[PDB]
Amino acid sequence: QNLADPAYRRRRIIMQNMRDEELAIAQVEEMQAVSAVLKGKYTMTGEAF
Amino acid sequence: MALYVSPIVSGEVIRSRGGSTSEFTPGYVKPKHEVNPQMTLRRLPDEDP
Amino acid sequence: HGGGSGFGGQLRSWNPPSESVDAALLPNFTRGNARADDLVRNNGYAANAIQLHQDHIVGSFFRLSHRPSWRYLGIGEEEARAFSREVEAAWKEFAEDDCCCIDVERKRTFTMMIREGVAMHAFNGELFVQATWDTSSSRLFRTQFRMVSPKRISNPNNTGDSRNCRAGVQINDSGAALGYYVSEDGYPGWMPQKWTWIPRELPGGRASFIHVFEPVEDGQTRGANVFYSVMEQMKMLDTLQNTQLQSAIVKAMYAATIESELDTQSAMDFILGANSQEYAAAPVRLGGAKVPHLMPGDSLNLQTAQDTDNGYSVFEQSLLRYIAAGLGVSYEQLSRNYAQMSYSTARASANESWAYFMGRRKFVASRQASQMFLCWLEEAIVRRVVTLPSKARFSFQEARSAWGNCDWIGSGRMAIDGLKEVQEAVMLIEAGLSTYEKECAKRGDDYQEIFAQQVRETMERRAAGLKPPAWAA
Amino acid sequence: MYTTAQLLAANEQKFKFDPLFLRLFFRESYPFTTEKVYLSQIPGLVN
Amino acid sequence: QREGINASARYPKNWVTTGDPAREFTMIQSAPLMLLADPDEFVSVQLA
Amino acid sequence: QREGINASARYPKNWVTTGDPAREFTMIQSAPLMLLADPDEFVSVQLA
Numbered sequence: 099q100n101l102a103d104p105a106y107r108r109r110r111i112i113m114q115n116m117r118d119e120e121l122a123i124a125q126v127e128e129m130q131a132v133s134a135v136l137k138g139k140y141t142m143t144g145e146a147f
Numbered sequence: 050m051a052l053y054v055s056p057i058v059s060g061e062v063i064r065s066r067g068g069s070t071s072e073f074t075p076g077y078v079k080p081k082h083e084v085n086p087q088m089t090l091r092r093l094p095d096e097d098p
Numbered sequence: 025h026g027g028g029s030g031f032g033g034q035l036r037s038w039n040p041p042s043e044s045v046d047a048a049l050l051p052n053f054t055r056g057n058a059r060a061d062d063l064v065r066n067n068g069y070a071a072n073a074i075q076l077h078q079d080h081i082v083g084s085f086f087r088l089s090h091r092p093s094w095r096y097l098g099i100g101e102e103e104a105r106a107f108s109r110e111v112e113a114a115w116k117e118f119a120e121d122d123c124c125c126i127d128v129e130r131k132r133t134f135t136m137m138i139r140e141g142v143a144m145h146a147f148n149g150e151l152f153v154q155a156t157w158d159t160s161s162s163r164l165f166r167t168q169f170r171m172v173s174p175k176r177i178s179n180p181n182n183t184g185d186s187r188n189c190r191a192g193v194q195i196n197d198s199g200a201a202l203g204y205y206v207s208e209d210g211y212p213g214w215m216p217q218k219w220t221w222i223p224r225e226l227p228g229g230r231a232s233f234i235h236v237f238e239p240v241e242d243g244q245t246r247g248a249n250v251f252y253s254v255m256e257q258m259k260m261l262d263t264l265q266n267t268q269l270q271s272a273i274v275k276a277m278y279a280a281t282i283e284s285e286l287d288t289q290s291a292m293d294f295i296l297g298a299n300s301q302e318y319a320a321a322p323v324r325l326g327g328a329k330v331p332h333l334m335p336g337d338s339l340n341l342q343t344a345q346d347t348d349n350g351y352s353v354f355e356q357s358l359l360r361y362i363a364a365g366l367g368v369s370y371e372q373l374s375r376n377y378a379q380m381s382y383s384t385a386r387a388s389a390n391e392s393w394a395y396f397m398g399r400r401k402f403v404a405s406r407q408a409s410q411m412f413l414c415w416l417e418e419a420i421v422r423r424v425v426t427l428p429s430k431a432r433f434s435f436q437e438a439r440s441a442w443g444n445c446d447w448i449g450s451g452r453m454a455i456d457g458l459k460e461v462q463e464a465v466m467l468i469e470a471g472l473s474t475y476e477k478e479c480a481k482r483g484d485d486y487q488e489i490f491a492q493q494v495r496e497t498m499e500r501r502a503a504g505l506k507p508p509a510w511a512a
Numbered sequence: 003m004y005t006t007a008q009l010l011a012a013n014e015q016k017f018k019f020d021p022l023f024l025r026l027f028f029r030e031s032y033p034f035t036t037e038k039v040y041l042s043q044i045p046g047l048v049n
Numbered sequence: 294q295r296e297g298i299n300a301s302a303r304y305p306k307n308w309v310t311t312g313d314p315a316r317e318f319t320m321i322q323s324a325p326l327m328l329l330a331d332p333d334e335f336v337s338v339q340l341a
Numbered sequence: 294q295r296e297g298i299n300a301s302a303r304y305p306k307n308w309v310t311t312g313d314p315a316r317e318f319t320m321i322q323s324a325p326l327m328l329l330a331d332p333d334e335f336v337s338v339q340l341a
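Quick note, the sequences are listed as chains P, C, X, H, F and Z, same order.
In terms of the entry's author numbering, the first sequence has 139 at position 41, counting the first letter as 1, and numbering is strictly consecutive.
In terms of the entry's author numbering, the second sequence has 87 at position 38, counting the first letter as 1, and numbering is strictly consecutive.
Going letter by letter, the third sequence gives residues 25 to 302, 318 to 512 in the entry's author numbering.
In terms of the entry's author numbering, the fourth sequence has 49 at position 47, counting the first letter as 1, and numbering is strictly consecutive.
In terms of the entry's author numbering, the fifth sequence has 318 at position 25, counting the first letter as 1, and numbering is strictly consecutive.
In terms of the entry's author numbering, the sixth sequence has 340 at position 47, counting the first letter as 1, and numbering is strictly consecutive.
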């Protein structure tokens with residue numbers, strides 16, 4: 099019933115993108131904590147790294 | 050995740066978001082009734098003599 | 025209903041991308057300033073508008089009148105007025121100084137300071153002034169002022185803006201600016217541009233750097249010039265007048281033409297007379328009628344050209360009316376046309392423009408001059424050029440605003456008739472519903488020196504023994 | 003193509019996640035300036 | 294590094310590529326190194 | 294060309310490339326063509 103301009107669509111897409119990026123960075127950073135207080139050993143290993 | 054990409058080889062990105070729909074058109078109900086003034090002659094169970 | 029889509033779609037494809045004014049302005053902030061400078065440099069109308077601003081916001085002079093909050097500070101009237109007269113005498117001696125050493129640039133006076141500040145606020149949206157303290161002891165006062173064009177304020181290395189770094193304006197969480205970045209001269213652009221960070225306020229409490237503009241919404245950081253609503257209109261208007269002028273040029277250029285199969289030279293010497301007896320073709324001497332004898336099959340078609348003002352004048356009238364509406368100045372002042380003007384209409388237009396200019400004066404020049412005077416008075420006090428009364432309840436640093444309470448006197452309101460305004464002023468004074476101070480402030484003077492001058496006049500006339508003036512007994 | 007079909011709901015139901023470890027065990031954050039990090043432990047054991 | 298923020302938690306960045314196809318990006322960069330003082334303080338045991 | 298300052302001695306410029314390997318480059322361009330009005334004014338001799 100009420101469409102949106104392409105610029106508004108791209109701003110909304112930017113909002114989604116930045117939110118998922120911060121969620122991903124939180125998800126990856128908690129891995130250090132769980133590895134640490136689960137075994138004290140930690141393996142920062144990944145492809146292209 | 051974007052686990053541990055070294056800061057030279059950033060590489061690939063991820064899909065943004067999206068996708069779902071649904072359609073259920075109106076529902077409807079119309080419980081009519083009637084009067085028939087002829088029935089108004091004899092009284093109801095209430096309305097004492 | 026109005027804001028949804030428009031009648032029959034209409035504005036069915038227009039929807040401005042709602043954002044803050046800073047988000048709207050900063051991406052093209054430089055471009056707007058460039059266009060405004062180009063317009064004010066190449067267009068007579070923009071220059072005239074700026075000149076009207078300079079002449080009316082401040083004008084020829086700009087007087088100070090320091091009225092300290094003596095009642096707030098618990099000070100007596102006698103020492104309050106003594107301090108006021110001493111500080112104003114010092115300020116007037118320092119301000120109109122013939123040295124022209126008030127500024128590091130050494131090429132302007134304080135009135136020029138005010139004019140430049142208001143002009144750059146008008147055509148750039150804001151004004152920046154840095155107060156420096158030179159180490160030379162050759163003169164009593166060591167404070168100088170340097171105005172900086174907004175083009176010289178930007179983030180280091182032209183970096184991207186952030187939450188707390190917008191256009192080289194370091195700000196706090198609340199939005200209050202704490203520091204600025206300034207770029208040195210770029211003539212030619214062949215020296216490496218460098219950025220220097222200056223705090224807005226000295227830790228000692230001195231206003232090291234002052235930035236004056238009028239925000240229109242929350243979160244504002246930079247000002248926007250008035251031309252933003254009229255820049256494209258006036259640019260296209262200048263293009264249109266230029267093109268119309270050139271078209272009229274060519275129309276007047278081509279007036280007549282000759283049609284004939286004969287050779288061009290023979291046609292010239294037979295129709296226009298020419299000078300065949302002596318790629319310039321053939322010049323024609325200008326004399327009498329020179330009626331020709333074109334042979335059959337020839338023609339001397341004299342074109343009728345076309346009127347050079349086919350509604351051009353009235354179209355320009357309307358466009359300049361819109362431009363004046365945008366710029367605030369009245370149409371007759373902007374366009375220097377004053378046809379079919381009645382007394383009442385002229386008075387109303389003058390009143391409207393004068394009210395607007397009084398507002399602009401109070402909201403730019405008054406505060407800028409107040410800040411300059413505050414800095415100068417801080418230096419004066421710290422140098423003890425005048426003695427602060429001991430009874431003062433609050434210190435100078437504590438009551439800076441209270442100690443620095445001063446108003447400003449600009450160019451007076453030159454009425455169209457003058458006689459009416461003078462007679463109404465004098466009858467108002469007789470009614471006692473105003474004051475000599477208010478009247479002199481309106482007219483461009485101050486009652487204190489007015490009375491001093493009148494005392495001098497009556498003393499001189501009494502000494503000469505010719506005639507007492509109109510103030511005796 | 004009379005399919006105007008107005009939309010009303012944009013449910014997410016995304017994900018369940020709460021670390022609680024960084025606020026329960028690592029309550030102190032530290033930026034780095036050097037490239038190397040030195041972490042030392044002193045053992046106390048005496049006959 | 295252009296702004297002296299060498300040490301930071303998260304650094305946003307955006308830029309739009311030139312050329313015939315237009316496309317910009319959102320960039321977040323960090324180097325988390327979550328550590329702890331005494332690993333022997335905690336006792337973690339798998340069950341069965 | 295777009296800055297309209299194309300006439301001076303030494304032109305500096307530092308710019309950042311886009312993308313992930315975003316790196317800065319510094320540049321000092323020049324077109325120096327110094328000269329003398331009279332070559333025969335100065336006399337050179339190869340000592341031996």
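All C-beta atoms in this analysis are idealised placements derived from N, C-alpha and C, irrespective of residue type, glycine included.
Rounded separation between residue i and residue j - CA only
i	j	result
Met144 (chain X)	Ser198 (chain X)	27 Å
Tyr96 (chain X)	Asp46 (chain X)	39 Å
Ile138 (chain X)	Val82 (chain X)	7 Å
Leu359 (chain X)	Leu373 (chain X)	8 Å
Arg190 (chain X)	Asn196 (chain X)	11 Å
residue 312 (chain X)	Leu458 (chain X)	It's not possible to place residue 312 (chain X) here, given that chain X moves directly from 302 to 318.
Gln114 (chain P)	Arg66 (chain C)	8 Å
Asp333 (chain F)	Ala134 (chain P)	11 Å
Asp485 (chain X)	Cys124 (chain X)	25 Å
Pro98 (chain C)	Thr89 (chain C)	16 Å
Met411 (chain X)	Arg375 (chain X)	35 Å
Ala146 (chain P)	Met129 (chain P)	19 Å
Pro75 (chain C)	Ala7 (chain H)	11 Å
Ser108 (chain X)	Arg91 (chain X)	7 Å
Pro104 (chain P)	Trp308 (chain F)	19 Å
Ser93 (chain X)	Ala104 (chain X)	9 Å
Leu467 (chain X)	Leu264 (chain X)	51 Å
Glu117 (chain X)	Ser161 (chain X)	18 Å
Of the residues the options, the one placed nearest residue i, counting alpha carbons only
i	options	result
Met397 (chain X)	X:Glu43, X:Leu35, X:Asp79 and X:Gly33	X:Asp79
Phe86 (chain X)	X:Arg500, X:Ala408 and X:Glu417	X:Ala408
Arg107 (chain P)	X:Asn39, X:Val330, X:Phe118 and X:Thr156	X:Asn39
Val424 (chain X)	X:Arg55, X:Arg36, X:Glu112 and X:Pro92	X:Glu112
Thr156 (chain X)	X:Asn148, X:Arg166 and X:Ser162	X:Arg166
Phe318 (chain F)	Z:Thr319, Z:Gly312, Z:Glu296 and Z:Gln322	Z:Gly312
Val494 (chain X)	X:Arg482, X:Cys479 and X:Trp510	X:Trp510
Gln339 (chain F)	P:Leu101, P:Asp118 and P:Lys137	P:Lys137
Assigned secondary structure, residue i (DSSP; H/G/I helix, E/B strand, else coil)
i	result
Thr6 (chain H)	coil
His332 (chain X)	coil
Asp293 (chain X)	helix
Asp446 (chain X)	strand
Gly141 (chain X)	helix
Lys306 (chain F)	strand
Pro223 (chain X)	strand
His90 (chain X)	strand
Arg316 (chain F)	strand
Rounded distance between the beta-carbons of residue j and residue i, thought under 8 Å
i	j	result
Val236 (chain X)	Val403 (chain X)	6 Å
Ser405 (chain X)	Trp447 (chain X)	5 Å
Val128 (chain X)	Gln168 (chain X)	5 Å
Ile321 (chain F)	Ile123 (chain P)	6 Å
heavy atom of the ligand MG below 7 Å from residue i C-beta
i	result
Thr245 (chain X)	Among the components of this structure there are no ligands whatsoever, and the ligand MG is therefore not found.
If we count Cβ pairs, one from each stretch, closer than 8 Å, do we get three or more for the stretch 335-354 of chain X versus the stretch 277-293 of chain X?
With the cut-off at 8 Å, the stretch 335-354 of chain X and the stretch 277-293 of chain X touch.
When the Cβ atoms of the stretch 147-155 of chain X are set against those of the stretch 51-64 of chain X, are three or more pairs found closer than 8 Å?
Yes: the two stretches touch, three or more of their Cβ pairs being nearer than 8 Å.
Evaluate contact between the stretch 429-444 of chain X and the stretch 97-112 of chain X, counting only Cβ atoms and requiring at least three cross-stretch pairs below 8 Å.
Three or more beta-carbon pairs drawn from the stretch 429-444 of chain X and the stretch 97-112 of chain X are found closer than 8 Å, and the two stretches are therefore classed as touching.
Assess, as a yes-or-no matter, whether the stretch 354-368 of chain X is touched by the stretch 246-264 of chain X under the definition of 3 or more beta carbon pairs within less than 8 Å.
Yes, since at least three Cβ pairs between the stretch 246-264 of chain X and the stretch 354-368 of chain X fall closer than 8 Å, the two stretches touch.
For the structure I just gave you, are there three or more beta carbon pairs, one from the stretch 296-310 of chain Z and one from the stretch 207-225 of chain X, closer than 8 Å?
Put simply, the stretch 296-310 of chain Z touches the stretch 207-225 of chain X. At least three CB pairs are less than 8 Å apart.
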